[PDB]
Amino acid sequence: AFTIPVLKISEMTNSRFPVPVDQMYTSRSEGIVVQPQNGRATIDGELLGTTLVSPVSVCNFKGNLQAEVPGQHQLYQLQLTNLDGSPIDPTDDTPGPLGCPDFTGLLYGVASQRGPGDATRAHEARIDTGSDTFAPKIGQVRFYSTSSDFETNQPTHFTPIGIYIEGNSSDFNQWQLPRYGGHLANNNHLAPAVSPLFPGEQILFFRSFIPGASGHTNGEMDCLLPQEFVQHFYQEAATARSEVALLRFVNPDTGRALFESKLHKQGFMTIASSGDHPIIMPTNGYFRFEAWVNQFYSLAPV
């Protein structure tokens, strides 16, 4: 029996950045390819892209502080491990290491170290996921920091915080996939792009406004499934009885349905709507499974 966990929008976690979901949101996505690599799981529990189940790991990095890069002030070279400590293995059937950012921008966070012994230090750091030498697929990532207080050959962790806007082309683009293998290699093993195929339908996104560390940005980060759904599908591994799980968003306060959504087998939701806008609903509302239908099922407008 297929189920969805009972969660208010305000209890959901974004699957593309480690923060709560702020609102549901829908868009025409005009002139945009929606192909996020985090928050990708089929409803029968297969993880795609760089998707992992830990809800606090996405956009984090871990590894050895190999050296300060020659000829650049306080730019530091990491030799990544996987976030669980296992070594990076570029033969993996993934675009890059699990949890790797799936967007281009100036990722702002903090680089911390423990070592030698139990000595520690941390400072503000920035990773440009759009730069030529950003190549997490093979464990090669650099971070800039304003501090020189870092030890070489000590275990180092990058904790993501938000985006840093300089006001340029290096500006946060949530839909532009990074080149996981650096400027000299092409991406492989990507989770496929998704789009609404039925007329009058749009994708339903779970949107957070991630912190901004500089410049003007609303920090919009849209995921196709909250992390809790990813986790649940992975746990249940229930077999999809059809291409579409029909869901009802219900308001427990009144006992009635607010709208319907098509949860597609491959792990995204559509609703009947038009335009770019938030979907603001009674705080207590939640999705529940109604029935298995086909991809041609017709939804009533949200």
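We number the residues from 1 along the sequence you see.
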### Message
Of the other PDB entries for this protein whose models extend past residue 169 on both sides, does at least a third leave it without coordinates?
### Response
yes
Stretch with higher mean Cα temperature factor, 14-22 vs 289-297, is 289-297
As the entry reports it, the stretch among 209-217 and 145-153 with higher mean C-alpha B factor is 145-153
When the entry's CA B-factors for 31, 267, 55, 36 are compared, the highest one belongs to 31
Of the residues 96, 178, 109, 196, the one whose Cα carries the largest B-factor in the deposited record is 196
Among the modelled residues of its chain, the C-alpha B-factor of residue 49 falls in the third labelled lowest
Of the three thirds of Cα B-factor ranks in this chain, residue 232 occupies the lowest
On the chain's distribution of Cα B-factors, residue 102 falls within the third called lowest
In terms of its chain's C-alpha B-factors, the third that includes residue 116 is the highest
Entry-reported C-alpha B-factor of residue 87 relative to its chain, by third, is highest
